[PDB]
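Data from coords11.cif: mmCIF, C-alpha atoms and all ligand atoms
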```
data_protein
#
loop_
_atom_site.label_atom_id
_atom_site.label_comp_id
_atom_site.auth_asym_id
_atom_site.auth_seq_id
_atom_site.Cartn_x
_atom_site.Cartn_y
_atom_site.Cartn_z
CA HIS L 4 61.34 247.25 106.38
CA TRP L 5 60.07 243.94 105.60
CA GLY L 6 58.84 241.09 107.61
CA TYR L 7 56.10 238.44 107.92
CA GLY L 8 52.99 240.57 108.83
CA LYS L 9 49.98 241.84 107.19
CA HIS L 10 51.58 245.01 106.39
CA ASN L 11 55.09 244.03 105.42
CA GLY L 12 54.92 240.28 104.63
CA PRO L 13 55.53 238.18 101.55
CA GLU L 14 52.76 239.53 99.60
CA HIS L 15 54.47 243.09 99.74
CA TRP L 16 58.02 242.11 98.96
CA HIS L 17 57.70 242.52 95.20
CA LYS L 18 57.47 246.34 95.59
CA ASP L 19 61.05 246.48 96.80
CA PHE L 20 62.35 243.35 95.01
CA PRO L 21 60.62 242.76 91.70
CA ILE L 22 62.46 239.45 91.44
CA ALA L 23 59.74 238.23 93.90
CA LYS L 24 57.63 237.61 90.78
CA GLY L 25 60.47 235.95 88.89
CA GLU L 26 60.94 232.68 87.08
CA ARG L 27 62.75 230.67 89.75
CA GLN L 28 61.39 231.72 93.12
CA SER L 29 61.27 229.52 96.23
CA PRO L 30 59.81 227.74 98.05
CA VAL L 31 57.52 225.54 95.96
CA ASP L 32 55.12 222.73 96.50
CA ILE L 33 56.73 219.39 95.74
CA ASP L 34 54.20 217.27 93.80
CA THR L 35 55.59 213.82 94.55
CA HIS L 36 53.76 212.19 91.71
CA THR L 37 55.03 214.55 89.17
CA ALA L 38 58.73 214.74 90.27
CA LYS L 39 60.73 212.57 87.94
CA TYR L 40 63.36 210.15 89.00
CA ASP L 41 66.64 211.22 87.47
CA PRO L 42 69.28 208.46 86.97
CA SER L 43 71.90 211.13 85.97
CA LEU L 44 71.92 212.31 89.60
CA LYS L 45 75.49 211.57 91.05
CA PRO L 46 75.27 210.33 94.64
CA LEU L 47 75.03 213.30 97.58
CA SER L 48 78.11 213.69 99.67
CA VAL L 49 77.81 215.48 102.97
CA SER L 50 81.32 215.87 104.59
CA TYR L 51 80.82 217.53 107.95
CA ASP L 52 83.55 215.84 110.03
CA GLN L 53 85.73 218.95 110.25
CA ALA L 54 82.98 221.47 110.77
CA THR L 55 83.73 224.42 112.97
CA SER L 56 80.68 226.18 114.39
CA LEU L 57 81.40 229.65 115.78
CA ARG L 58 78.36 231.66 116.82
CA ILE L 59 74.57 231.80 116.95
CA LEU L 60 72.88 235.08 115.95
CA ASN L 61 69.28 236.33 116.11
CA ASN L 62 69.12 238.31 112.88
CA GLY L 63 65.62 239.63 113.41
CA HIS L 64 63.94 237.12 111.16
CA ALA L 65 65.49 233.78 112.32
CA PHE L 66 68.54 232.58 114.10
CA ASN L 67 71.65 231.53 112.26
CA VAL L 68 74.28 229.03 113.46
CA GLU L 69 77.42 230.25 111.73
CA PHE L 70 80.47 228.21 110.64
CA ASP L 71 84.05 228.93 109.74
CA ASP L 72 83.85 228.91 105.91
CA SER L 73 87.45 230.07 105.39
CA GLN L 74 88.55 226.49 104.47
CA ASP L 75 86.91 223.30 103.11
CA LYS L 76 85.90 222.01 106.48
CA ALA L 77 82.20 221.20 105.99
CA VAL L 78 81.27 220.59 102.38
CA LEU L 79 78.49 219.39 100.17
CA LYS L 80 79.16 217.78 96.87
CA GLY L 81 77.57 215.35 94.47
CA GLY L 82 73.92 215.09 93.76
CA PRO L 83 72.94 217.65 91.27
CA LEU L 84 75.98 219.75 92.04
CA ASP L 85 79.07 220.42 90.02
CA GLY L 86 81.97 221.26 92.21
CA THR L 87 82.32 221.92 96.03
CA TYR L 88 79.98 223.87 98.25
CA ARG L 89 81.07 225.09 101.70
CA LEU L 90 78.79 225.31 104.70
CA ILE L 91 78.37 228.89 105.97
CA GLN L 92 75.32 228.68 108.24
CA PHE L 93 72.13 226.90 109.10
CA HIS L 94 68.77 228.29 110.16
CA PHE L 95 65.17 227.25 110.52
CA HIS L 96 61.76 228.44 109.47
CA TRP L 97 58.84 227.61 111.74
CA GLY L 98 55.23 228.21 112.59
CA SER L 99 53.02 229.54 115.35
CA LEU L 100 51.35 226.12 115.44
CA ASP L 101 52.54 222.62 114.70
CA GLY L 102 50.40 222.47 111.60
CA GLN L 103 52.41 225.06 109.62
CA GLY L 104 56.00 226.40 109.46
CA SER L 105 57.78 224.74 106.61
CA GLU L 106 58.49 226.68 103.38
CA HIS L 107 58.45 223.75 101.02
CA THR L 108 55.33 221.62 101.07
CA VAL L 109 54.99 218.00 99.96
CA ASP L 110 51.73 217.32 98.15
CA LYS L 111 50.48 220.45 99.92
CA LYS L 112 51.47 219.10 103.35
CA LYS L 113 53.07 221.68 105.66
CA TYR L 114 55.58 220.50 108.26
CA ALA L 115 56.08 222.21 111.65
CA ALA L 116 59.48 223.61 110.61
CA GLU L 117 62.24 223.35 108.02
CA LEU L 118 66.02 223.35 108.52
CA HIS L 119 68.17 224.99 105.89
CA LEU L 120 71.91 224.22 105.70
CA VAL L 121 73.35 226.94 103.41
CA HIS L 122 76.45 226.29 101.32
CA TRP L 123 78.26 228.41 98.73
CA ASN L 124 80.12 227.33 95.60
CA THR L 125 83.84 227.61 96.18
CA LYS L 127 84.49 228.62 92.60
CA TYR L 128 83.16 232.05 93.49
CA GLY L 129 85.51 232.70 96.40
CA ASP L 130 83.10 233.99 98.97
CA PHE L 131 79.41 234.00 99.85
CA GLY L 132 78.84 237.55 98.61
CA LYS L 133 80.03 236.80 95.18
CA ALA L 134 78.31 233.41 95.09
CA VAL L 135 74.84 234.90 95.66
CA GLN L 136 75.28 236.80 92.36
CA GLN L 137 75.46 233.61 90.40
CA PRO L 138 72.76 231.19 89.25
CA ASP L 139 74.66 228.25 90.72
CA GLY L 140 76.11 230.09 93.68
CA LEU L 141 74.38 228.39 96.60
CA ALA L 142 73.21 224.92 97.55
CA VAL L 143 70.68 224.68 100.35
CA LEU L 144 69.99 221.34 101.97
CA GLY L 145 66.44 221.42 103.31
CA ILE L 146 65.16 219.07 106.03
CA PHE L 147 61.60 218.96 107.29
CA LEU L 148 60.80 218.83 110.98
CA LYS L 149 57.75 216.99 112.35
CA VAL L 150 56.69 217.02 115.98
CA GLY L 151 57.11 213.72 117.83
CA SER L 152 60.12 212.37 119.60
CA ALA L 153 62.90 214.78 120.67
CA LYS L 154 65.90 215.24 118.44
CA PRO L 155 68.85 214.87 120.77
CA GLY L 156 71.25 216.66 118.48
CA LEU L 157 69.04 219.74 118.47
CA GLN L 158 68.99 220.29 122.22
CA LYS L 159 72.22 222.23 122.35
CA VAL L 160 70.66 224.77 119.93
CA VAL L 161 67.39 224.92 121.90
CA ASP L 162 69.04 225.58 125.18
CA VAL L 163 71.04 228.65 124.04
CA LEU L 164 68.00 230.41 122.54
CA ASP L 165 67.19 232.28 125.77
CA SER L 166 70.57 234.07 125.38
CA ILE L 167 69.68 235.38 121.92
CA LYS L 168 66.05 236.25 122.51
CA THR L 169 66.03 239.57 120.62
CA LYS L 170 67.22 240.93 117.31
CA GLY L 171 70.93 241.50 117.12
CA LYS L 172 71.96 239.29 120.03
CA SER L 173 74.65 236.66 119.47
CA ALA L 174 76.37 234.04 121.55
CA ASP L 175 79.41 231.86 121.18
CA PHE L 176 78.40 228.45 119.73
CA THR L 177 81.45 226.33 119.30
CA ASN L 178 81.80 222.60 118.88
CA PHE L 179 78.32 221.98 117.46
CA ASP L 180 78.07 218.95 115.16
CA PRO L 181 75.43 219.47 112.42
CA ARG L 182 75.49 215.74 111.63
CA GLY L 183 73.18 215.30 114.55
CA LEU L 184 70.42 217.13 112.64
CA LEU L 185 70.32 214.81 109.58
CA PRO L 186 67.78 212.01 108.97
CA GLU L 187 68.82 208.49 108.18
CA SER L 188 68.27 208.68 104.38
CA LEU L 189 69.74 211.20 101.96
CA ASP L 190 67.03 210.63 99.29
CA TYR L 191 66.11 214.02 97.91
CA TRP L 192 64.25 216.20 95.51
CA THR L 193 66.06 219.04 93.67
CA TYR L 194 65.18 222.08 91.63
CA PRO L 195 66.57 225.55 90.81
CA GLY L 196 65.26 228.38 92.99
CA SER L 197 65.96 231.35 95.18
CA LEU L 198 66.50 232.73 98.63
CA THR L 199 63.20 233.04 100.43
CA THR L 200 63.72 236.40 102.05
CA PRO L 201 64.67 239.73 100.52
CA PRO L 202 66.65 240.15 98.33
CA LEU L 203 65.12 236.93 96.89
CA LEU L 204 68.18 236.23 94.71
CA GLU L 205 67.81 233.42 92.19
CA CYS L 206 71.06 231.71 93.15
CA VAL L 207 70.04 228.45 94.88
CA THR L 208 70.15 224.80 93.91
CA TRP L 209 67.65 223.36 96.39
CA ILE L 210 68.14 219.83 97.73
CA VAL L 211 65.15 218.86 99.89
CA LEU L 212 65.38 215.62 101.78
CA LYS L 213 62.41 213.29 101.64
CA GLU L 214 62.76 211.97 105.21
CA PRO L 215 61.82 214.43 107.96
CA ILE L 216 63.48 214.58 111.36
CA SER L 217 61.40 214.36 114.49
CA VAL L 218 61.63 217.08 117.18
CA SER L 219 59.62 217.31 120.39
CA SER L 220 56.83 219.72 121.07
CA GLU L 221 59.00 221.24 123.77
CA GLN L 222 61.87 221.85 121.37
CA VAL L 223 59.68 223.71 118.83
CA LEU L 224 58.04 225.67 121.64
CA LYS L 225 61.37 227.11 122.44
CA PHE L 226 61.81 228.40 118.95
CA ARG L 227 58.52 230.25 119.35
CA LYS L 228 59.83 232.17 122.40
CA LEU L 229 62.30 234.05 120.28
CA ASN L 230 61.51 237.66 119.33
CA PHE L 231 61.60 239.52 116.02
CA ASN L 232 62.09 242.80 117.91
CA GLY L 233 65.15 244.24 119.48
CA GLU L 234 65.57 244.50 123.24
CA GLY L 235 63.57 247.40 124.68
CA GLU L 236 60.98 247.26 121.91
CA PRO L 237 57.54 245.79 122.14
CA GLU L 238 57.56 241.99 122.00
CA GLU L 239 56.67 240.27 118.84
CA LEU L 240 57.14 236.56 118.90
CA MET L 241 59.32 235.10 116.14
CA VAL L 242 56.81 232.74 114.55
CA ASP L 243 55.58 232.12 111.03
CA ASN L 244 58.86 233.18 109.40
CA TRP L 245 58.14 231.13 106.27
CA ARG L 246 57.43 232.33 102.78
CA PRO L 247 54.48 230.45 101.19
CA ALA L 248 54.90 228.31 98.09
CA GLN L 249 55.50 230.19 94.85
CA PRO L 250 54.60 229.26 91.29
CA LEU L 251 56.71 226.54 89.78
CA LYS L 252 56.68 228.18 86.29
CA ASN L 253 58.94 226.49 83.85
CA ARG L 254 60.75 224.15 86.30
CA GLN L 255 60.98 220.47 86.82
CA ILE L 256 61.53 218.89 90.24
CA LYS L 257 63.84 215.88 90.04
CA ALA L 258 63.96 212.94 92.47
CA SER L 259 67.04 211.06 93.40
CA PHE L 260 64.97 207.89 94.25
CA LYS L 261 62.14 205.85 92.75
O1 LIG Q 301 66.46 231.86 102.11
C1 LIG Q 301 66.37 232.14 103.37
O2 LIG Q 301 66.11 231.48 104.40
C2 LIG Q 301 66.67 233.57 103.55
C3 LIG Q 301 68.14 233.90 103.56
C4 LIG Q 301 68.54 235.20 103.68
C5 LIG Q 301 69.84 235.61 103.71
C6 LIG Q 301 70.81 234.67 103.64
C7 LIG Q 301 70.39 233.40 103.63
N1 LIG Q 301 71.34 232.56 103.47
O3 LIG Q 301 70.86 231.66 102.73
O4 LIG Q 301 72.63 232.93 104.03
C8 LIG Q 301 69.13 232.94 103.52
NI NI Q 302 63.44 247.26 105.44
NI NI Q 303 65.83 229.44 104.63
#
```

Whole structure given in structure tokens:
Amino acid sequence: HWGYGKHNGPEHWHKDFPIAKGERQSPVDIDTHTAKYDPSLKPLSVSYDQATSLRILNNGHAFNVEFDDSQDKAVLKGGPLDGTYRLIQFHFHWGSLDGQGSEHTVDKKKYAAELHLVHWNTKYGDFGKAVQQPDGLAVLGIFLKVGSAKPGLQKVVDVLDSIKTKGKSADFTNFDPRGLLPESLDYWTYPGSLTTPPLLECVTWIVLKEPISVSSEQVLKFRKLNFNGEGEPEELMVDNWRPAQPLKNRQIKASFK
């Protein structure tokens, strides 16, 4: 019964999941000067035209916007990836304050939040099977800074009062995730893991260099969510980020010079 606190936070997770101290854990700090430009990188293809959003769920640690992943409707390919990866959900990690919230850091800089678009490798047939493989998932990570509003985020922000507490869901159809992407698809990539229990080492991370801008008001609304279930004492859903983990024997590659 894990979480983000003093008593059950990241620094405790290893007792239940020894893989917490493994060789390819996420997130990491991205040292921009040491990431090497890789000319082998094939270009990134994000194909979201046919995406079908279904539902938004407060899962007790974040909220997930879920997609129909029963056909190739929203797929990631190219980049460092071999084969086709299907979008299943996106979520965010965020802070109690604008000065922290992202999981990845860039030369030790923390962003206010980070968006994760989660995709699974179609060669494994379903998400559950994919998470058991070293190349099972591809997560596209996008940093959020506070400034101008992101218009394409507002639909997400406005439904959050309907999913305040753990276990609540709401219909969330016709959402276009293209409206959450920055202009450039320049990226860093490295092999890593999920950043919550069970911490599976199944992720190819693709972290975009260009952040998106969201307004202070937008992020504030994220911070009104609750970790707790309805009828339990209120604990604001903030600081649901795992800190940077040791890079160990990995290299971060850049798609750009
Ligand atoms: O890495 C995370 O943000 C945690 C996490 C936990 C469970 C599933 C997830 N997913 O990638 O579908 C992600
Ligand atoms: Ni538990
Ligand atoms: Ni995540």

request  = Collect all residues with atoms no farther than 10 Å from ligand NI 302 (chain Q), counting only C-alpha atoms and all ligand atoms, and output them as a count of residues only.
outcome  = 7

Polymer residues at most 9 Å from residue 249 of chain L, all atoms listed in the file, same-chain spacing of 3 or more positions, as an mmCIF file with C-alpha atoms, in the coordinates of the input:
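Everything below was put into result.cif:
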```
data_model
loop_
_atom_site.group_PDB
_atom_site.id
_atom_site.type_symbol
_atom_site.label_atom_id
_atom_site.label_comp_id
_atom_site.auth_asym_id
_atom_site.auth_seq_id
_atom_site.Cartn_x
_atom_site.Cartn_y
_atom_site.Cartn_z
ATOM 1 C CA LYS L 24 57.630 237.610 90.780
ATOM 2 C CA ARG L 27 62.750 230.670 89.750
ATOM 3 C CA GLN L 28 61.390 231.720 93.120
ATOM 4 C CA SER L 29 61.270 229.520 96.230
ATOM 5 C CA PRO L 30 59.810 227.740 98.050
ATOM 6 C CA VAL L 31 57.520 225.540 95.960
ATOM 7 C CA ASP L 32 55.120 222.730 96.500
ATOM 8 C CA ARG L 246 57.430 232.330 102.780
ATOM 9 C CA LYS L 252 56.680 228.180 86.290
#
```

If you take only C-alpha atoms and all ligand atoms and a cut-off of 10 Å, which residues of chain L touch ligand LIG 301 (chain Q), and what are their nearest atom pairs and distances in Å to one decimal, in chain and number order, as a tab-separated table?
```
residue	atom	partner	partner_atom	distance
L:29	CA	Q:LIG301	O1	8.2
L:30	CA	Q:LIG301	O1	8.8
L:62	CA	Q:LIG301	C5	9.6
L:64	CA	Q:LIG301	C2	8.8
L:65	CA	Q:LIG301	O2	8.3
L:67	CA	Q:LIG301	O4	8.4
L:69	CA	Q:LIG301	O4	9.5
L:90	CA	Q:LIG301	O4	9.8
L:91	CA	Q:LIG301	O4	7.3
L:92	CA	Q:LIG301	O4	6.6
L:93	CA	Q:LIG301	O4	7.9
L:94	CA	Q:LIG301	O2	7.1
L:95	CA	Q:LIG301	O2	7.5
L:96	CA	Q:LIG301	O2	7.3
L:106	CA	Q:LIG301	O2	9.1
L:117	CA	Q:LIG301	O2	9.7
L:118	CA	Q:LIG301	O2	9.1
L:119	CA	Q:LIG301	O2	7.0
L:120	CA	Q:LIG301	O3	8.1
L:121	CA	Q:LIG301	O3	5.4
L:122	CA	Q:LIG301	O3	7.9
L:123	CA	Q:LIG301	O4	9.0
L:131	CA	Q:LIG301	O4	8.0
L:132	CA	Q:LIG301	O4	9.4
L:135	CA	Q:LIG301	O3	8.7
L:141	CA	Q:LIG301	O3	7.8
L:142	CA	Q:LIG301	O3	8.8
L:143	CA	Q:LIG301	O3	7.4
L:196	CA	Q:LIG301	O1	9.8
L:197	CA	Q:LIG301	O1	7.0
L:198	CA	Q:LIG301	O1	3.6
L:199	CA	Q:LIG301	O1	3.9
L:200	CA	Q:LIG301	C2	4.4
L:201	CA	Q:LIG301	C4	6.7
L:202	CA	Q:LIG301	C4	7.5
L:203	CA	Q:LIG301	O1	7.4
L:204	CA	Q:LIG301	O1	8.8
L:206	CA	Q:LIG301	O3	9.6
L:207	CA	Q:LIG301	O3	8.5
L:244	CA	Q:LIG301	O2	9.0
L:245	CA	Q:LIG301	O2	8.2
L:246	CA	Q:LIG301	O2	8.9
```

Could you dump the residues just selected with C-alpha atoms as a JSON list (two decimals), keeping the file's coordinate frame?
```json
[["chain", "number", "residue", "atom", "x", "y", "z"],
["L", 29, "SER", "CA", 61.27, 229.52, 96.23],
["L", 30, "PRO", "CA", 59.81, 227.74, 98.05],
["L", 62, "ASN", "CA", 69.12, 238.31, 112.88],
["L", 64, "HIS", "CA", 63.94, 237.12, 111.16],
["L", 65, "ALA", "CA", 65.49, 233.78, 112.32],
["L", 67, "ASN", "CA", 71.65, 231.53, 112.26],
["L", 69, "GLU", "CA", 77.42, 230.25, 111.73],
["L", 90, "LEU", "CA", 78.79, 225.31, 104.70],
["L", 91, "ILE", "CA", 78.37, 228.89, 105.97],
["L", 92, "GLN", "CA", 75.32, 228.68, 108.24],
["L", 93, "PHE", "CA", 72.13, 226.90, 109.10],
["L", 94, "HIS", "CA", 68.77, 228.29, 110.16],
["L", 95, "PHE", "CA", 65.17, 227.25, 110.52],
["L", 96, "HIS", "CA", 61.76, 228.44, 109.47],
["L", 106, "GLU", "CA", 58.49, 226.68, 103.38],
["L", 117, "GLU", "CA", 62.24, 223.35, 108.02],
["L", 118, "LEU", "CA", 66.02, 223.35, 108.52],
["L", 119, "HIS", "CA", 68.17, 224.99, 105.89],
["L", 120, "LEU", "CA", 71.91, 224.22, 105.70],
["L", 121, "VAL", "CA", 73.35, 226.94, 103.41],
["L", 122, "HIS", "CA", 76.45, 226.29, 101.32],
["L", 123, "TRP", "CA", 78.26, 228.41, 98.73],
["L", 131, "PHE", "CA", 79.41, 234.00, 99.85],
["L", 132, "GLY", "CA", 78.84, 237.55, 98.61],
["L", 135, "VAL", "CA", 74.84, 234.90, 95.66],
["L", 141, "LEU", "CA", 74.38, 228.39, 96.60],
["L", 142, "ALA", "CA", 73.21, 224.92, 97.55],
["L", 143, "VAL", "CA", 70.68, 224.68, 100.35],
["L", 196, "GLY", "CA", 65.26, 228.38, 92.99],
["L", 197, "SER", "CA", 65.96, 231.35, 95.18],
["L", 198, "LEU", "CA", 66.50, 232.73, 98.63],
["L", 199, "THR", "CA", 63.20, 233.04, 100.43],
["L", 200, "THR", "CA", 63.72, 236.40, 102.05],
["L", 201, "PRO", "CA", 64.67, 239.73, 100.52],
["L", 202, "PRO", "CA", 66.65, 240.15, 98.33],
["L", 203, "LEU", "CA", 65.12, 236.93, 96.89],
["L", 204, "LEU", "CA", 68.18, 236.23, 94.71],
["L", 206, "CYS", "CA", 71.06, 231.71, 93.15],
["L", 207, "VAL", "CA", 70.04, 228.45, 94.88],
["L", 244, "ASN", "CA", 58.86, 233.18, 109.40],
["L", 245, "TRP", "CA", 58.14, 231.13, 106.27],
["L", 246, "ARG", "CA", 57.43, 232.33, 102.78]]
```

task = Pick out the residues sitting within 9 Å of segment 80-89 of chain L, and hand them over as an NGL selection string; count all atoms listed in the file, and ignore anything fewer than 2 positions along from it in its own chain.
result = :L and (43-50 or 72-78 or 91 or 121-125 or 127 or 139-142 or 191 or 193-194 or 208 or 210 or 259)

What's the 9 Å shell around residue 234 of chain L, counting only C-alpha atoms, without same-chain residues fewer than 4 positions away, as a PDB file with C-alpha atoms, in the coordinates of the input?
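out16.pdb, written as the output of this step:
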```pdb
ATOM      1  CA  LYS L 168      66.050 236.250 122.510  1.00  0.00           C
ATOM      2  CA  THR L 169      66.030 239.570 120.620  1.00  0.00           C
ATOM      3  CA  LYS L 170      67.220 240.930 117.310  1.00  0.00           C
ATOM      4  CA  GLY L 171      70.930 241.500 117.120  1.00  0.00           C
ATOM      5  CA  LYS L 172      71.960 239.290 120.030  1.00  0.00           C
ATOM      6  CA  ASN L 230      61.510 237.660 119.330  1.00  0.00           C
ATOM      7  CA  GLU L 238      57.560 241.990 122.000  1.00  0.00           C
TER       8      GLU L 238
END
```

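Our summary of the geometry notes that atom CA of residue 260 of chain L is positioned 16.3 Å from atom CA of residue 144 of chain L.
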
request  = Rank nothing, just name the residue among L:153, L:100, L:23, L:116 nearest to ligand NI 303 (chain Q), using all atoms listed in the file.
outcome  =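 For ligand NI 303 (chain Q), the nearest of the candidates is L:116.
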
message = Can you tell me which residues surround residue 188 of chain L at a distance of at most 8 Å, considering all atoms listed in the file, apart from same-chain residues fewer than 2 positions away, and format the answer as a PyMOL selection string?
response = chain L and resi 186+190+212-214

Can I get the selected residues back with C-alpha atoms, as a PDB file, keeping the file's coordinate frame?
```pdb
ATOM      1  CA  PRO L 186      67.780 212.010 108.970  1.00  0.00           C
ATOM      2  CA  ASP L 190      67.030 210.630  99.290  1.00  0.00           C
ATOM      3  CA  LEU L 212      65.380 215.620 101.780  1.00  0.00           C
ATOM      4  CA  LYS L 213      62.410 213.290 101.640  1.00  0.00           C
ATOM      5  CA  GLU L 214      62.760 211.970 105.210  1.00  0.00           C
TER       6      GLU L 214
END
```

task = Considering only C-alpha atoms and all ligand atoms, state which residue in the set L:146, L:33, L:167, L:60 is at the smallest distance from ligand NI 303 (chain Q).
result =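 For ligand NI 303 (chain Q), the nearest of the candidates is L:146.
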
key: Which of L:225, L:115, L:104, L:52 sits closest to residue 79 of chain L [using all atoms listed in the file]   = L:52

inquiry  = To one decimal place in Å, what is the distance between atom CA of residue 63 of chain L and atom CA of residue 114 of chain L?
reply    =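 Distance reported for this atom pair: 22.2 Å.
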
request  = Go through L:137, L:232, L:37, L:222 and flag the residue nearest residue 101 of chain L, using all atoms listed in the file for the distances.
outcome  = L:222

ask   = In Å, with one decimal, what is the gap from atom CA of residue 56 of chain L to atom CA of residue 147 of chain L?
value =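 Atom-to-atom, atom CA of residue 56 of chain L to atom CA of residue 147 of chain L, that is 21.6 Å.
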
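With distances restricted to all atoms listed in the file, L:211 is the closest residue to ligand NI 303 (chain Q) from L:184, L:223, L:150, L:211.
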
query = Near residue 99 of chain L, within 9 Å and counting all atoms listed in the file, which residues show up once chain neighbours fewer than 5 positions away are dropped, as an MDAnalysis selection string?
reply = chainID L and resid 104 115 224 227 240:243

Minimum-distance residue to residue 192 of chain L, chosen among L:40, L:176, L:70, L:128 (using only C-alpha atoms) =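 Looking at the shortest contact to residue 192 of chain L, the residue is L:40.
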
Starting from the structure just given, write a file holding segment 54-71 of chain L with N, CA and C atoms, as a PDB file, in the first residue's frame.
```pdb
ATOM      1  N   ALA L  54      -7.543   8.205 -33.496  1.00  0.00           N
ATOM      2  CA  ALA L  54      -7.671   7.914 -32.104  1.00  0.00           C
ATOM      3  C   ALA L  54      -9.071   7.955 -31.587  1.00  0.00           C
ATOM      4  N   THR L  55      -9.383   7.039 -30.682  1.00  0.00           N
ATOM      5  CA  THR L  55     -10.672   6.930 -30.072  1.00  0.00           C
ATOM      6  C   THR L  55     -10.518   6.947 -28.562  1.00  0.00           C
ATOM      7  N   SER L  56     -10.673   8.111 -27.949  1.00  0.00           N
ATOM      8  CA  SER L  56     -10.661   8.190 -26.481  1.00  0.00           C
ATOM      9  C   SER L  56     -11.972   7.615 -25.974  1.00  0.00           C
ATOM     10  N   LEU L  57     -11.936   7.050 -24.783  1.00  0.00           N
ATOM     11  CA  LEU L  57     -13.150   6.421 -24.219  1.00  0.00           C
ATOM     12  C   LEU L  57     -13.525   6.977 -22.887  1.00  0.00           C
ATOM     13  N   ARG L  58     -12.600   7.123 -21.953  1.00  0.00           N
ATOM     14  CA  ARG L  58     -12.916   7.296 -20.540  1.00  0.00           C
ATOM     15  C   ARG L  58     -11.774   7.966 -19.851  1.00  0.00           C
ATOM     16  N   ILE L  59     -12.044   8.659 -18.744  1.00  0.00           N
ATOM     17  CA  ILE L  59     -11.019   9.213 -17.862  1.00  0.00           C
ATOM     18  C   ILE L  59     -11.280   8.635 -16.495  1.00  0.00           C
ATOM     19  N   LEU L  60     -10.181   8.178 -15.850  1.00  0.00           N
ATOM     20  CA  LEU L  60     -10.266   7.413 -14.586  1.00  0.00           C
ATOM     21  C   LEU L  60      -9.288   8.014 -13.594  1.00  0.00           C
ATOM     22  N   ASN L  61      -9.726   8.266 -12.347  1.00  0.00           N
ATOM     23  CA  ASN L  61      -8.820   8.544 -11.240  1.00  0.00           C
ATOM     24  C   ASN L  61      -8.469   7.214 -10.639  1.00  0.00           C
ATOM     25  N   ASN L  62      -7.176   6.786 -10.794  1.00  0.00           N
ATOM     26  CA  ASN L  62      -6.747   5.492 -10.347  1.00  0.00           C
ATOM     27  C   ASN L  62      -6.107   5.522  -8.971  1.00  0.00           C
ATOM     28  N   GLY L  63      -6.225   6.629  -8.264  1.00  0.00           N
ATOM     29  CA  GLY L  63      -5.661   6.743  -6.953  1.00  0.00           C
ATOM     30  C   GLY L  63      -4.289   7.296  -6.885  1.00  0.00           C
ATOM     31  N   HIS L  64      -3.540   7.287  -7.996  1.00  0.00           N
ATOM     32  CA  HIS L  64      -2.248   7.896  -8.058  1.00  0.00           C
ATOM     33  C   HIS L  64      -2.130   8.991  -9.150  1.00  0.00           C
ATOM     34  N   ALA L  65      -3.009   8.985 -10.160  1.00  0.00           N
ATOM     35  CA  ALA L  65      -3.039   9.900 -11.267  1.00  0.00           C
ATOM     36  C   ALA L  65      -4.405   9.806 -11.857  1.00  0.00           C
ATOM     37  N   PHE L  66      -4.633  10.472 -12.981  1.00  0.00           N
ATOM     38  CA  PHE L  66      -5.746  10.138 -13.821  1.00  0.00           C
ATOM     39  C   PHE L  66      -5.274   9.659 -15.152  1.00  0.00           C
ATOM     40  N   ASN L  67      -5.982   8.700 -15.727  1.00  0.00           N
ATOM     41  CA  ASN L  67      -5.659   8.156 -17.020  1.00  0.00           C
ATOM     42  C   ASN L  67      -6.783   8.492 -18.013  1.00  0.00           C
ATOM     43  N   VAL L  68      -6.379   8.994 -19.176  1.00  0.00           N
ATOM     44  CA  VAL L  68      -7.306   9.103 -20.336  1.00  0.00           C
ATOM     45  C   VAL L  68      -7.054   7.876 -21.166  1.00  0.00           C
ATOM     46  N   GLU L  69      -8.085   7.036 -21.293  1.00  0.00           N
ATOM     47  CA  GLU L  69      -7.982   5.723 -21.908  1.00  0.00           C
ATOM     48  C   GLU L  69      -8.490   5.734 -23.328  1.00  0.00           C
ATOM     49  N   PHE L  70      -7.855   4.963 -24.209  1.00  0.00           N
ATOM     50  CA  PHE L  70      -8.167   4.838 -25.622  1.00  0.00           C
ATOM     51  C   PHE L  70      -8.576   3.470 -25.975  1.00  0.00           C
ATOM     52  N   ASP L  71      -9.312   3.317 -27.090  1.00  0.00           N
ATOM     53  CA  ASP L  71      -9.595   2.030 -27.683  1.00  0.00           C
ATOM     54  C   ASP L  71      -8.311   1.563 -28.347  1.00  0.00           C
TER      55      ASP L  71
END
```
